[PDB]
Amino acid sequence: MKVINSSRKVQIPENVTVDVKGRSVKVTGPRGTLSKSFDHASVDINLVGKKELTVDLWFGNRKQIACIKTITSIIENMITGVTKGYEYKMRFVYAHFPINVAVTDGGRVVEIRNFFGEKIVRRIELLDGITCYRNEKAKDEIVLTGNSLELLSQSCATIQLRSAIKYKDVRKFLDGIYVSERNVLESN
Amino acid sequence: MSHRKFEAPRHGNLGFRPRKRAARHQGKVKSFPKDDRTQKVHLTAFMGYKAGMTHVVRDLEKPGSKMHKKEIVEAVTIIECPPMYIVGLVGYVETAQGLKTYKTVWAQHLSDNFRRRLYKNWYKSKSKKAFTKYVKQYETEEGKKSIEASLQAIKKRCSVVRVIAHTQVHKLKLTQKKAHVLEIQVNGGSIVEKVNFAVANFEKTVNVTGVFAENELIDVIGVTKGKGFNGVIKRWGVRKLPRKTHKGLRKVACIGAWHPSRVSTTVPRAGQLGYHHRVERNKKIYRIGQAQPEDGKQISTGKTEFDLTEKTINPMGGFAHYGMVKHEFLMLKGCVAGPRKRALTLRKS
Amino acid sequence: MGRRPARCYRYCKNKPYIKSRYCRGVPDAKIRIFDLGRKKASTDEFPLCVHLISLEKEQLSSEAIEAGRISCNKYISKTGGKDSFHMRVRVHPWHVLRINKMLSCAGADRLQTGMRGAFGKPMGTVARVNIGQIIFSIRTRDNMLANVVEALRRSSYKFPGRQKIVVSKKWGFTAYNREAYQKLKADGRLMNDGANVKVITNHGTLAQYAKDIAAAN
RNA sequence: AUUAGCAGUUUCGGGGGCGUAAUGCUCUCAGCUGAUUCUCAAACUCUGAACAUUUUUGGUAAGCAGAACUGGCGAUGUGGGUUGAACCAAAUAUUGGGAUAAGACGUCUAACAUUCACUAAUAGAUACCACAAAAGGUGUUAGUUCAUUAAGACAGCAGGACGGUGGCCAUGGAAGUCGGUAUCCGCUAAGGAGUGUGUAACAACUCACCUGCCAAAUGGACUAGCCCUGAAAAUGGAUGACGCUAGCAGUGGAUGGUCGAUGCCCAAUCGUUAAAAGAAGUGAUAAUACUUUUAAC
RNA sequence: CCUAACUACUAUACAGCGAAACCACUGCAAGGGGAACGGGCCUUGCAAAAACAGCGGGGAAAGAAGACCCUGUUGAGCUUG
RNA sequence: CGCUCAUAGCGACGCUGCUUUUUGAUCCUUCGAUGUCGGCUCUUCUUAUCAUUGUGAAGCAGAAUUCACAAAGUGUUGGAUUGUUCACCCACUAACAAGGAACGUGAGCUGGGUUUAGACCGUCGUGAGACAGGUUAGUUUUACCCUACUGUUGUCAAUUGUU
RNA sequence: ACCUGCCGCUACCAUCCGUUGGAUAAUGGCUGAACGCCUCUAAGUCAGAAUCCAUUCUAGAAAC
């Protein structure tokens, strides 16, 4: 009816400093730092030494259990990312009407110019912290690197959403910018 | 029944619905543009006076529009805009249910506007003679201290402020021993500056040129032409029996129906069609008119090129009956609210 | 009845009418057939029986029944064939529905539409069933259970209300369970009847008997 | 009234196969007979039951119409169901106090605590009663049965996924996979003469099928609580309102406890009745057309 | 079409002059139940003296014991084999 | 069926609902009299959404169409004929979607029908007369009360300062 | 009577003027579980309606 929830432990590598002021994380690694908020579901969240954070709450339900699993997972990704920066590469698809993709390097803004006949200027400001760069792979691809996996991915998705044709057939065009090489990291 | 037509689009608008005799004899608005400007250069509002309409040929300014350089006529509302004499600075402070009158400050050099709202007032009369009893600023040295105290406090304490200005209608054609008082909320820069400079300006007198530039749009205000009580026909733009065989009326048929079993607000009825407020916007402003020191007239012609003469904007005969421009004025785009000799008001967009 | 919506009759009420020398003016039943698959199938080969039952007490229209039978007669073929289904339905429609017509009216009335001489005329033949009373029944081989339950399931849609599907514990169209069926073969009391079993039993309805074992054997 | 096949018949009915054809056998199909099977037949019955509730005829129904038994309402109210002619309690002389009934107890509004679950929904909130159904939900809770699992499971990811063989056909291409029919054997840890994607059909890839690792549970078909979907209509609106939600003041329980009728208990007062008494607290009066007592209402 | 203006006159204000029909009580609403469409009952929304001139939604407005229709062992006017 | 292919789009026999915009059934309400049908006028609301806003499916390549969600915010036409809603044509339009409000709306109108008397025919009647048959002509009263609305004064007929 | 007729009213029988922010629904995604995979959802979050609510405009309370 109401069942106890197992603790979910995670090892932390010695590259980083997970501090936890009142159930709310900050994980400082090589690439910089990411904070995040927790205590949505009233969960407990402890540090044992400084190579082991553990989440738990000793009564509840399936619902609570799931939440526990989630939070831990989220933090793991953050840990990974703030030590080794994440890379979401989005390749674009048009050469019948050719495509013009541009990038403001200063403000970290992609600007997609001409696709599917359009003469408009589609400027999508990237989310906080993340960046992009133009890369010569095969006269294609914008590579978006960042350390917050959640945010970078979201930004990419936004861009994808914005670069499609909201009237008439979804297969007359298959064109636009979409994600290609993801879950990718680096150590170079 | 369905209806059965479709259209019946609400004859009228329910956004002017109380359609009664307006509060202020002058143009008045309880709203202002917000803070992103310099300082006293941006005074926001001004007060003018209507004086009729003329037409002006100019060229268009639109490509692909019966030529961007071809001539078209348009009407214009010309409006005698005497310079104003700011005199109180007033500090609003922002609170749990909007803004309130914390405390004003007034200039020592002048207090004749006060007086002007007095001869036309009182009925027993204890304090007509020249005095007061709603608290006003007198005194050279002792009141100075008070003023100083006020000034700092408002400056420190919260929220934006306006200036008690007023018109000089004595020197206008129409004679009036009371003048029209107004607020011109001040925008931009910072509060310290804003509070400070009002004091400086008391003696000084602002010009319509001080507020607006010659290509700037207006937030125009006024009070509509006072036709007087009239029935539902041209108060809402209804219909009638054009071949005519009816013992009732020009007045409409159903007023609600046995529907909510009573009659609603939302029915056009017999009331009045005159002093109402309203605000029309985006008026181009075509030409700011110059002051006339009773000698020259090229100043109220405008250009000499294309104008090709020297004349006032005032007609051949001029204005012997109506508001005659001897002062600064304004050529707007055609039509403003209010009759030919009315106290308007202006805001910037 | 396809004229009416059958909401009108899906509650078992009013003492039950019939065809007779009293109710002559009836139409003919919709189903005049209770024969789905291989009727010439022996009792000693199809050891399974599944049943469908009306969960609810209610009437059960002839038309509805008919409709149901071709969820077990199209679906007879796609799954297995004729050599699996043996169906006797296990309900008929004796009961009749009347119709006091006022269709007469489509603009005005003659007043005979009113409740004077109210009593309706026969129109709609229908069955009456309790909750237990069985409504479909497939006697079959025991390699066909999920490919016959889905016939029953299909049928259930075409009945009003709630319908329960089941498998019994017998050889179908027999009293005797699968446990007591093997007895018959073993004890030499199995007597075939091309469909049924008579089951040989000693008894006495004579004067001095011994053919009561030696009759069918 | 009515469903099924079975058997025994066929010099009686019909048409075939068996010597030409039949009824000579054997068949499906007629008729008759015998044993079994389906539904039992308000006007059938061997047997045989103890406005409202219950029964019940007409009627698709109706706050329609027509009966039965009891109860009410109506010619009695009060408390309770928000309110309400009929439902609940329960019947009214007039009062006092005590304890109850139905109904409540976050607040309106007198009345509370404790305890276990369940619901997360624009909800859900006491008969009559102000509607909801068939049919869906990998929503959550609770169960039931069979299957699998240390002979190493489940999901995951990784490896393998063959020989005869291009199976025979159609084709002269269809070589597992436009497509017809058979659908076997070897060998192996395992592999359908093949689950699709793809291709001219193949090739290529994947699936069934197996195994590598990780390492303890897994899988499924149903039942049934609450919730959701289904679930649309006319002024602005209804658990009566507010409002409530992670124990709730919602639902379903558990253990006490409290409020509360003109009901009940007790007391008082007045009348009525029945019975009795007479100097009516009328102990000098001399009353019975009157007063009093006792009891019941 | 699409309404417009104008004058008379009444209305509108005054001065005199003064009226009726009608009137259980009375006049704010939503919803509920209730002789099933409430102003009053109930529960909510609310609420602000005294009034003016227009308007016609409501008062299941008013005028008329509906004569439409039925009934009563009520009549009449007329008709006929 | 839709080549093929149950559910793109439809959907048999069959089954469950909702609706009150059809008409019946009923006769609770009204015969101390709710003025009956339509049209004009005018608002309001409902959504069962025709258009448009934004979305998702399609047998959606484009074009146009079809299907569906959110959503009632804004539109929802001009005419012939008909007493007429209903009906049917012509023409526009993005579209000319269905409805509700005492079958919205008669002290708002009109009276074209339906509604008396006069009267023509046809059928019926021995006849006086009859007709959910046709034809024609036929007085539409009252707000100077309360409320509701519209605007117009005035007031906490002082909340316990004037102005 | 007719012509002409200012002032004045008035005509799609003329002229001028009709804004920008958040919040979302549907819905499309993200990260990511319950259910080692998966999944727009559960916790969480992004984009997003002629929609809502503000800004605008009208009126201005037995409100200051």
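Residues numbered from 1 in each chain as written, not as in the entry; some residues may be left out. Chains lettered and ligands numbered in written order. Part of a larger assembly, values for the part shown. Heavy atoms only, no water.

Considering the overall build of chain B
Phase 1 of the analysis: Regarding its fold elements, chain B presents four helices and 14 strands.
Phase 2 of the analysis: On the principal axes, the C-alpha backbone points of chain B span a range of 80 × 60 × 45 Å.
Phase 3 of the analysis: Taken over 349 residues, chain B has a buried fraction of 39%.
Phase 4 of the analysis: Restricting to contacts in chain B with at least 6 residues of sequence separation, those with at least 24 account for 77%.
Phase 5 of the analysis: With the model as given, the accessible surface of chain B reaches about 21,900 Å², and the carbon-plus-sulfur share is 54%. (Helix = DSSP H or I, 4+ residues; strand = E, 2+ residues; numbered from the N terminus. Buried < 20%, exposed > 50% of the residue type's maximum accessible area, 1.4 Å probe, protein only. Contact = heavy atoms within 4.5 Å. Areas by Shrake-Rupley, 256 points an atom, 1.4 Å probe, with all protein chains shown as cover.)

Things to note about the overall build of chain A
Phase 1 of the analysis: Across its full length, chain A holds two helices and 13 strands.
Phase 2 of the analysis: Since a compact globule built from 188 residues should have a radius of gyration of about 16 Å, the 20 Å found for chain A marks it as more spread out than a globular shape.
Phase 3 of the analysis: When the backbone C-alpha atoms are referred to their principal axes, chain A occupies close to 60 × 40 × 25 Å.
Phase 4 of the analysis: Considering only residue pairs separated by 6 or more positions, chain A has 60% of its internal contacts joining residues 24 or more positions apart. (Rg over C-alpha atoms; globule rule 2.2 N^0.38 Å.)

Thoughts on unusual backbone geometry
Residue and element names in this part refer to chain B.
Phase 1 of the analysis: In this structure, the amide linkage connecting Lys 5 to the following residue, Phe 6, adopts the cis form with an omega of 25 degrees.
Phase 2 of the analysis: Here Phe 6 is to be found in the segment before β1 (45-46).
Phase 3 of the analysis: Looking along the chain, the bond that leaves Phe 6 and enters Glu 7 is cis, with omega of 5 degrees.
Phase 4 of the analysis: If you trace the backbone, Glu 7 turns up in the segment before β1.
Phase 5 of the analysis: Notably, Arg 19 is not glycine yet its phi reads approximately 25 degrees, a positive angle.
Phase 6 of the analysis: Of note, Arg 19 is situated in the segment before β1.
Phase 7 of the analysis: The phi dihedral of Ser 125 falls on the positive side, at around 75 degrees, and the residue is not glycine.
Phase 8 of the analysis: Using a relative accessible area of 36% as the deciding quantity, one classes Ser 125 as partly exposed.

Side note on the sheet that holds strand β8 (residues 163-167) of chain C
Residues and elements named next belong to chain C.
Phase 1 of the analysis: In spatial order, the strands read β1-β4-β7-β2-β8; together these five strands make up an open sheet with antiparallel pairing. Sheet topology places β1 (36-37) and β8 at the edges, where each strand pairs with a single neighbour.
Phase 2 of the analysis: Here β1 pairs with strand β4 (residues 86-87) via two bridges, running antiparallel. Each bridged residue has a counterpart across the sheet, and for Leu 36 the counterpart in β4 is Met 87. (Pairing = 2+ DSSP bridges.)

Re the side chain of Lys 89 of chain A
Phase 1 of the analysis: Structurally, the position occupied by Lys 89 of chain A is in strand β7 (residues 86-93).
Phase 2 of the analysis: Contacts of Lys 89 of chain A, omitting those with residues within four sequence positions, involve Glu 141, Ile 142, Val 143, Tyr 178, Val 179, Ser 180, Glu 181 and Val 184 of chain A.

Quick look at the packing of aromatic side chains
All names here are of chain A.
Phase 1 of the analysis: Here the structure, examined in full by the defined rule, presents seven aromatic pairs over all chains.
Phase 2 of the analysis: On the basis of an interplanar angle of 55 degrees and a centroid distance of 6.3 Å, the ring pair of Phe 116 and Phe 173 is categorised as tilted. Here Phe 116, found in the loop between β9 (109-112) and β10 (122-125), pairs with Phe 173, found in the loop between α2 (149-162) and β13 (176-184); they are 57 residues apart in sequence, far enough to count as distant.
Phase 3 of the analysis: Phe 116 sits in the partly exposed class, given a relative accessible area of 32%. (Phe/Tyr/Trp six-rings, centres within 6.5 Å; stacked < 30°, edge-to-face > 60°.)

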